[PDB]
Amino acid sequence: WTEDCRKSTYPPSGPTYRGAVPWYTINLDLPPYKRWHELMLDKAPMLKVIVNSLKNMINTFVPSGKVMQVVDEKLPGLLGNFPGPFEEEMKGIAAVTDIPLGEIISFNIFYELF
């Protein structure tokens, strides 16, 4: 089932539209390790909520702590170093958010992981 094609929905308003999204400027002239510093200082708490909610689904199958030790201690070396800017860009994000590198990587390769 489908709905009647909607009319006059732009500019966005109503219960269809949660809100505008903010702009951040990422200066590529900065080295990759410092590119995300400003953004991650403002967004670190929200991403920490995801990793929590990620731990709860994992916990329903196999205990989460033991799972997360392996992702943090053994995954970064298992996958090796990522090409180009990404190893440093993710290493920066991991340090500014206090989030282990394995979890920042798991977030960034979630497509391949499905």
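We number the residues from 1 along the sequence you see.
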Stretch with higher mean Cα temperature factor, 79 to 87 vs 58 to 66, is 58 to 66
Looking at the deposited entry, does 7 to 15 or 99 to 107 carry the larger mean Cα B-factor? 7 to 15
Residue 74's Cα B-factor: lowest, middle or highest third of the chain? middle
Modelled-residue ranking by C-alpha temperature factor, third containing residue 40: middle
Compared with the other modelled residues in the chain, in which third is the CA B-factor of residue 28? highest
